[PDB]
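Undergrad: Mind having a look at this structure? Questions to follow.
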Amino acid sequence: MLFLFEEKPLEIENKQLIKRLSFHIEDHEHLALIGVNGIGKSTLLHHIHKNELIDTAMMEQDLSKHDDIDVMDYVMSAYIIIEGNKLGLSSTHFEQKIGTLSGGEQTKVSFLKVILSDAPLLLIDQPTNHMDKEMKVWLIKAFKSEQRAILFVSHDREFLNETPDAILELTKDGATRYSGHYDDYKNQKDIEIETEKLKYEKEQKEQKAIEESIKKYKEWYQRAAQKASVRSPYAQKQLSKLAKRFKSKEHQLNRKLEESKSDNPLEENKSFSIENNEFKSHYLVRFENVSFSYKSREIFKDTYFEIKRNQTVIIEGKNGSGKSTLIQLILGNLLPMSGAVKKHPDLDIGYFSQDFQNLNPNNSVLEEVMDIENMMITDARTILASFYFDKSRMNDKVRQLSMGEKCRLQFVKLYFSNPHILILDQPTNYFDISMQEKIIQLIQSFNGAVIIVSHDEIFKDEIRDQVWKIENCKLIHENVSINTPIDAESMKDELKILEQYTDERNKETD
Amino acid sequence: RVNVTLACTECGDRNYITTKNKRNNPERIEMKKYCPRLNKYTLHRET
Amino acid sequence: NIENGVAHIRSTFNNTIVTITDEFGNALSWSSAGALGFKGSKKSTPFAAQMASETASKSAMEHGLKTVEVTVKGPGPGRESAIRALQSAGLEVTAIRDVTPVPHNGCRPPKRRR
RNA sequence: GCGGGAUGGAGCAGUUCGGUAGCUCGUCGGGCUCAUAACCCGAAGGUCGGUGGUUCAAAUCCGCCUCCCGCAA
RNA sequence: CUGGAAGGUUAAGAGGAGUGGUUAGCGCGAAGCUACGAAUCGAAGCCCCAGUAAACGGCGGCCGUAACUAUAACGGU
RNA sequence: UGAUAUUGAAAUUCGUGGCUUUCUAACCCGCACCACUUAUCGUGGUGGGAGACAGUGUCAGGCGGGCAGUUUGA
Ligand SMILES: Nc1ncnc2c1ncn2[C@@H]1O[C@H](COP(=O)(O)OP(=O)(O)OP(=O)(O)O)[C@@H](O)[C@H]1O
Ligand SMILES: Nc1ncnc2c1ncn2[C@@H]1O[C@H](COP(=O)(O)OP(=O)(O)OP(=O)(O)O)[C@@H](O)[C@H]1O
Ligand SMILES: [Mg+2]
Ligand SMILES: [Mg+2]
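Chains as they are written, first to last, in this note's numbering: chain A, 5 to 514; chain B, 3 to 49; chain C, 648 to 761.
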């Protein structure tokens with residue numbers, strides 16, 4: 005028993021999020037904490053760090069407040085120095101700022117500071133945030149190495165299938181502990197959803213049959229009440245006896261309703277859409293021996309790049325290759341070389357950024373979407389709902405929203421920006437398990453061109469049309485069949501199999 | 003629209019009981035009122 | 648470990664199957680056209696019976712069997728290519744047999760298709 | 001008089017707690033055929049019965065009205 | 001009603017990290033005695049799955065269509 | 001339907017505790033033979049069968065119009 009959370013209401017700030025929240029965390033146990041976006045998985049982690057007992061680690065998931073602190077003294081925020089030989093992370097260097105790193109190079113300078121902290125319980129956020137397919141196959145081997153207790157937030161159902169020992173599912177009812185991996189949690193959450201709809205389908209069919217018996221007694225009654233003499237005590241008495249028939253099956257109906265009440269409420273299969281402008285030309289953007297450099301780092305030497313009308317491009321590489329800086333050259337970065345990034349003079353662009361430099365902090369939700377040119381208030385508030393902004397989140401500063409929200413807020417600005425191309429940079433990274441499908445259909449039901457930068461394999465596996473790549477300092481293509489030829493010696497090998505005919509088999513008994 | 007308790011900030015705790023709308027005042031309310039243990043006007047935070 | 652098994656080729660008009668045993672019918676390893684993920688009308692053909700007959704042997708090659716004496720069963724388009732897949736992958740056939748079931752007039756057979 | 005209705009031409013979801021007008025069939029114009037049906041391609045057609053109210057926002061909620069339906073006048 | 005390898009949820013009992021009381025000592029708190037008390041373990045049943053009507057029980061609407069009219073063998077939903 | 005008492009023995013097994021086996025001395029037989037004995041009761045002896053189960057006490061959970069006591073406005 006490493007830690008008990010005695011039943012108390014959870015709340016980050018003035019607002020209250022949950023009441024009656026309790027759970028325990030053993031020793032030497034890695035415990036996943038999954039839940040919907042905006043429910044409080046990160047506020048609960050702040051609580052145990054600040055207001056709770058035993059010292060902890062608290063690897064955050066934004067690092068935005070501290071963006072000018074020199075790295076190598078952010079790592080030493082707690083305190084000859086065992087860091088050079090701790091480059092298993094492959095962290096670049098410790099002389100930059102910390103708001104100047106890659107998006108996924110600072111999710112392993114905060115994982116470095118968390119492992120070297122020497123505390124009993126490690127409070128970790130997302131940690132597969134922004135990471136590659138190789139740096140994400142490395143810490144799967146790292147979490148299975150330390151005898152400390154971890155309590156992390158993942159919502160990544162490939163990482164969640166090997167690491168955890170139990171799962172803690174926040175609901176706004178409290179935490180419901182499960183055992184096993186994500187697939188053991190998922191099986192039991194399915195059996196639990198059948199019973200509520202079989203139980204709901206069985207109360208509707210029990211209460212409609214009592215309404216129809218009741219309604220039949222009343223057709224008999226008003227037909228009999230006009231035929232009965234008011235001066236007959238026998239015919240009246242049969243009339244009051246018939247009323248008892250329906251008056252007592254109205255009391256059976258009223259004890260089913262005021263006693264048997266549930267709903268199947270999470271049933272709305274709506275979906276989003278965006279409409280392009282039908283470019284009508286061949287090339288969208290182009291590079292002409294472009295080069296770039298970050299004061300010592302030579303990112304791109306002279307390279308070529310092209311995107312034509314109605315294409316889908318998938319850029320690849322690793323952490324630090326230059327994906328999010330190539331997307332910057334397309335809008336504006338003013339190359340140091342000549343380069344001359346050749347762009348069409350009539351382009352609309354829909355930008356989804358890794359860091360939320362699109363969104364204006366210190367700006368309410370309602371008054372940020374309304375910053376566009378000729379947006380009205382009805383069509384703005386009405387599209388703001390259907391993205392799950394429940395008409396009361398209108399007066400919230402963007403600076404104090406969730407991470408899942410405000411990744412959903414720059415999708416509600418894409419709808420009002422009818423583009424020619426969508427430039428999406430890690431679009432399914434901060435989204436929970438249920439919202440990663442509602443925006444994979446959106447990207448596929450867009451009839452324009454898109455440039456996708458993404459690290460999850462099961463999203464960029466069925467949409468692979470064109471795949472560039474950054475190997476040394478230059479982009480490559482998928483029309484480079486220099487890697488693996490098919491080695492056409494089949495000419496020598498599909499000549500033995502040519503002679504087993506369909507009639508040669510008919511003969512030649514064995 | 004809730005019920006709120008105004009507790010003294012130095013003389014220690016509850017003196018007054020009021021109401022508030024938590025959509026218009028989501029924070030904790032602040033008002034100077036008479037603490038009768040200090041015999042003096044002080045500041046009262048909502049509990 | 649083991650030496651001298653027998654290969655049990657089993658080809659039908661959909662799907663061949665090769666299973667290698669010891670000489671006591673002990674099932675060293677099996678494999679077959681549809682396991683490699685061949686869909687119908689490819690599942691059936693002589694190429695796939697020579698994949699399948701060598702994803703087997705090479706995965707019981709590895710028990711040091713090297714001499715097999717095959718027994719064959721079925722009609723099959725892809726029977727015989729599965730015995731140049733075998734003897735290809737280093738196994739040294741001994742001598743073969745066509746053990747197919749033949750009633751000495753037993754039970755009655757299904758209708759025939761129109 | 002009481003019950004249930006009205007959502008492109010037909011038949012129907014969606015209303016039950018307001019937030020991007022939907023499904024099958026048919027209609028129209030091309031193709032295929034010696035010709036027709038079937039099949040393939042492309043489009044049209046929506047006051048959510050009428051008329052007012054509530055709301056940042058109404059097919060959804062609130063009154064009034066004319067139709068259709070079933071019992072019973 | 002019958003039959004289900006497992007998985008979930010559940011009793012008594014087992015277990016005893018912790019929180020209170022008192023006070024030899026020096027507002028802190030050793031033993032002892034005391035008021036309690038969590039994690040884990042723990043069966044039927046129930047959830048869930050298949051079968052059974054000479055078991056209990058149940059056995060539909062609207063629309064268009066034929067060389068008189070009317071009906072509709074035929075069609076849509 | 002569980003825990004626990006009556007209630008024991010040896011081993012294998014995986015974690016001093018449990019699981020499962022096997023053994024028999026306890027307990028059980030409306031079971032054969034022999035005495036009491038004129039006896040289809042009972043008690044005692046002897047073989048067999050089963051056996052730490054079952055039956056029995058205490059505590060616990062499910063089911064429970066089979067059966068009770070009642071309520072079912074002005
Ligand atoms: N300073 C603040 N004042 C008031 N409310 C706040 C403040 N900061 C955050 N919140 C609120 O607290 C909630 C916390 O959501 P939280 O960020 O914990 O969700 P999450 O589990 O991180 O989801 P995701 O990881 O998908 O973003 C948000 O709804 C947000 O509105
Ligand atoms: N302002 C800057 N000054 C100096 N160097 C920078 C600056 N911004 C980025 N870099 C360097 O450029 C490299 C690539 O940054 P970039 O934003 O392309 O990362 P990325 O490829 O988007 O990473 P990820 O794919 O994980 O998001 C990094 O190694 C970083 O050190
Ligand atoms: Mg968060
Ligand atoms: Mg980046």
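Virtual Cβ for every residue (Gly too), placed ideally from N, Cα, C.
(1) The segment 17-36 of chain B: which residues have C-beta closer than 9 Å to a C-beta of chain A, in chain order?
(2) Between residue 509 of chain A and residue 748 of chain C, what straight-line distance do the alpha-carbon atoms span, to the nearest angstrom?
(3) For residue 462 of chain A, tell me which candidate among A:488, A:162, A:38, A:180 has the shortest Cα-Cα distance.
(4) Say whether chain C places a C-beta atom closer than 8 Å to the C-beta of residue 504 of chain A.
(5) For residue 20 of chain B, list the residues DSSP reports as bridge partners.
(6) Using a Cβ cut-off of 7 Å, pull out every chain C residue sitting near residue 501 of chain A, in sequence order please.
(7) So with CB distances below 8 Å, who are the chain A contacts of residue 743 of chain C?
(8) Looking only at DSSP bridge pairs, what is residue 316 of chain A linked to?
(9) So, are the CB atoms of residue 736 of chain C and residue 701 of chain C less than 8 Å apart?
(10) Counting only C-beta atoms, is residue 665 of chain C closer than 8 Å to chain A at any point?
(11) Quick check: the Cα distance between residue 34 of chain A and residue 724 of chain C, rounded to an integer number of angstroms?
(12) Could you tell me how far apart the beta carbons of residue 129 of chain A and residue 64 of chain A are, in whole angstroms, since I believe they sit closer than 8 Å?
(13) Would you check whether ligand 4 has a heavy atom nearer than 7 Å to the C-beta of residue 328 of chain A?
(14) Counting C-beta neighbours from all protein chains within 10 Å, is the total for residue 131 of chain A 16 or more, i.e. buried, or is it exposed?
(15) Compare the C-beta of residue 19 of chain A with all C-beta atoms of chain B and state if any pair is closer than 8 Å.
(16) Say whether the segment 161-177 of chain A touches the segment 14-28 of chain A, bearing in mind that this needs 3 or more beta-carbon pairs closer than 8 Å, one atom from each stretch.
(17) Residues near ligand 3, CB to any non-hydrogen atom under 5 Å, in chain order?
(18) Alpha helix (DSSP H) containing residue 224 of chain A: first to last residue?
(19) Taking all protein chains shown into account, decide if residue 40 of chain B is buried (16 or more other Cβ within 10 angstroms of its Cβ) or exposed.
(20) Spatial neighbours of residue 168 of chain A within its chain, please: CB distance less than 7 Å, with the 5 preceding and 5 following residues excluded, ordered by chain position.
(21) My understanding is that residue 696 of chain C touches residue 682 of chain C, with C-beta atoms under 8 Å, so please give their C-beta distance in whole angstroms.
(22) Would you kindly check if the distance between the Cβ of residue 457 of chain A and the Cβ of residue 319 of chain A is under 8 Å?
(23) Can you name the residues of chain C whose CB is closer than 9 Å to the CB of residue 509 of chain A?
(24) Would you mind stating whether residue 75 of chain A and residue 102 of chain A have Cβ atoms separated by less than 8 Å?
(25) Reducing DSSP to helix, strand and coil, say where residue 51 of chain A ends up.
(26) How long is the line joining the alpha carbons of residue 83 of chain A and residue 116 of chain A, rounded to whole angstroms?
(27) Run the proximity test for residue 27 of chain B: is its beta-carbon closer than 7 Å to any non-hydrogen atom belonging to ligand 1?
(28) Counting along the chain, where does the alpha helix (DSSP H) carrying residue 546 of chain A start and finish?
(29) Using 8 Å as the threshold, is the segment 416-433 of chain A in touch with the segment 239-252 of chain A, meaning 3 or more CB pairs across them?
(30) Could you spell out where the beta strand (DSSP E) holding residue 156 of chain A opens and where it closes?
(31) Just mark residue 472 of chain A as buried or exposed, buried being the case when its beta carbon has 16 or more other beta carbons within 10 Å.
(32) Can you check which of these residues, A:398, A:469, A:112, is closest to residue 66 of chain A by C-alpha distance?
(33) Under a three-way DSSP split, which group does residue 484 of chain A fall into?
(34) Can you tell me the Cα-Cα spacing of residue 100 of chain A and residue 72 of chain A, whole angstroms?
(35) Below 7 Å, is the gap between the Cβ of residue 361 of chain A and the nearest heavy atom of ligand 2?
(36) Between A:58, A:427, A:150, A:255, which lies nearest to residue 537 of chain A when the distance is taken from Cα to Cα?
TA: Quick answer:
(1) 24, 25, 28, 29, 30
(2) Translated into the one-based positions of the first sequence, residue 509 of chain A becomes position 505. Translated into the one-based positions of the third sequence, residue 748 of chain C becomes position 101. Looking at the two C-alpha atoms, the distance is approximately 19 Å.
(3) Here residue 462 of chain A is taken as the residue at index 458 of the first sequence, counted from 1. Of A:488, A:162, A:38, A:180, the residue nearest in Cα terms is A:162.
(4) For the purposes of this step, residue 504 of chain A is taken as the residue at position 500 of the first sequence. Yes, its Cβ sits closer than 8 Å to a Cβ of chain C.
(5) Indexing the second sequence from 1 puts residue 20 of chain B at position 18. Residue 20 of chain B is bridged to B:6.
(6) Within the first sequence, residue 501 of chain A is the residue found at index 497, counting from 1. Going along chain C in sequence order, the residues near residue 501 of chain A (Cβ under 7 Å) are 693, 694, 728.
(7) To locate residue 743 of chain C, count along the third sequence from 1; it is residue 96. Those are 514, listed as they occur along chain A.
(8) By 1-based counting over the first sequence, the position of residue 316 of chain A is 312. Looking at the DSSP assignment, residue 316 of chain A forms a beta bridge with A:454.
(9) The residue given as residue 736 of chain C occupies position 89 in the third sequence. The residue given as residue 701 of chain C occupies position 54 in the third sequence. Yes, Cβ-Cβ distance for residue 736 of chain C and residue 701 of chain C is below 8 Å.
(10) On the third sequence, residue 665 of chain C is found 18 positions in, with the first residue counted as 1. With its beta carbon at least 8 Å from every one in chain A, residue 665 of chain C lies outside the interface.
(11) On the first sequence, residue 34 of chain A is found 30 positions in, with the first residue counted as 1. On the third sequence, residue 724 of chain C is found 77 positions in, with the first residue counted as 1. Roughly 56 Å between the two C-alpha positions.
(12) Reading the first sequence from its first residue, position 125 is the one you call residue 129 of chain A. Reading the first sequence from its first residue, position 60 is the one you call residue 64 of chain A. With a beta-carbon spacing of about 6 Å, residue 129 of chain A and residue 64 of chain A fall inside the 8 Å limit used to define contacts.
(13) For the purposes of this step, residue 328 of chain A is taken as the residue at position 324 of the first sequence. Yes; taking the cut-off as 7 Å, the Cβ of residue 328 of chain A has a heavy atom of ligand 4 nearer than that.
(14) As a working mapping, residue 131 of chain A is identified with position 127 in the first sequence. By the neighbour-count rule (16 or more Cβ atoms within 10 Å), residue 131 of chain A is buried.
(15) Translated into the one-based positions of the first sequence, residue 19 of chain A becomes position 15. Residue 19 of chain A counts as touching chain B.
(16) Touching, per the Cβ criterion.
(17) For ligand 3, the selected residues are A:46, A:407.
(18) Within the first sequence, residue 224 of chain A is the residue found at index 220, counting from 1. Under the DSSP assignment, residue 224 of chain A falls in the alpha helix (DSSP H) whose first and last residues are 186-231.
(19) Position 38 of the second sequence holds residue 40 of chain B. Exposed.
(20) In the first sequence, residue 168 of chain A corresponds to position 164, counting from 1. Excluding positions up to five away in sequence, the list reads 34, 35, 36, 185.
(21) What you label residue 696 of chain C is simply residue 49 of the third sequence in a count that begins at 1. What you label residue 682 of chain C is simply residue 35 of the third sequence in a count that begins at 1. Not confirmed; about 12 Å, so no contact.
(22) Position 315 of the first sequence holds residue 319 of chain A. Position 453 of the first sequence holds residue 457 of chain A. In this structure, residue 457 of chain A lies closer than 8 Å to residue 319 of chain A by Cβ.
(23) Here residue 509 of chain A corresponds to residue number 505 of the first sequence, with the count starting at 1. Here the neighbours are 693, 722, 723, 724, 725, 726, 727.
(24) The residue given as residue 75 of chain A occupies position 71 in the first sequence. The residue given as residue 102 of chain A occupies position 98 in the first sequence. It is a contact, given that the beta carbons lie within the stated cut-off.
(25) Your numbering for residue 51 of chain A matches position 47 in the first sequence. Helix.
(26) One-based indexing of the first sequence puts residue 83 of chain A at position 79. One-based indexing of the first sequence puts residue 116 of chain A at position 112. Those two C-alpha atoms are separated by around 14 Å.
(27) For this step, residue 27 of chain B is matched to residue 25 along the second sequence. For ligand 1, not one heavy atom lies less than 7 Å from the Cβ of residue 27 of chain B.
(28) Nothing about residue 546 of chain A can be reported from this structure: the residues present for chain A run from 5 to 514 only.
(29) Under the 8 Å Cβ criterion, the segment 416-433 of chain A does not count as touching the segment 239-252 of chain A, having fewer than three qualifying pairs.
(30) Reading the first sequence from its first residue, position 152 is the one you call residue 156 of chain A. Where residue 156 of chain A is concerned, the enclosing beta strand (DSSP E) stretches over 153-156.
(31) Position 468 of the first sequence, counted from the first residue, corresponds to residue 472 of chain A. Residue 472 of chain A is buried by the Cβ-count criterion.
(32) The residue labelled residue 66 of chain A in the question sits at position 62 within the first sequence. Nearest option by C-alpha distance: A:112.
(33) Position 480 of the first sequence, counted from the first residue, corresponds to residue 484 of chain A. Coil, per DSSP.
(34) Sequence index remark: in the first sequence, residue 100 of chain A carries index 96 (1-based). Sequence index remark: in the first sequence, residue 72 of chain A carries index 68 (1-based). Cα to Cα, residue 100 of chain A sits roughly 9 Å from residue 72 of chain A.
(35) To locate residue 361 of chain A, count along the first sequence from 1; it is residue 357. False, no ligand heavy atom lies under 7 Å from that Cβ.
(36) No answer is possible for residue 537 of chain A: it lies beyond the span of chain A, which begins at 5 and ends at 514.
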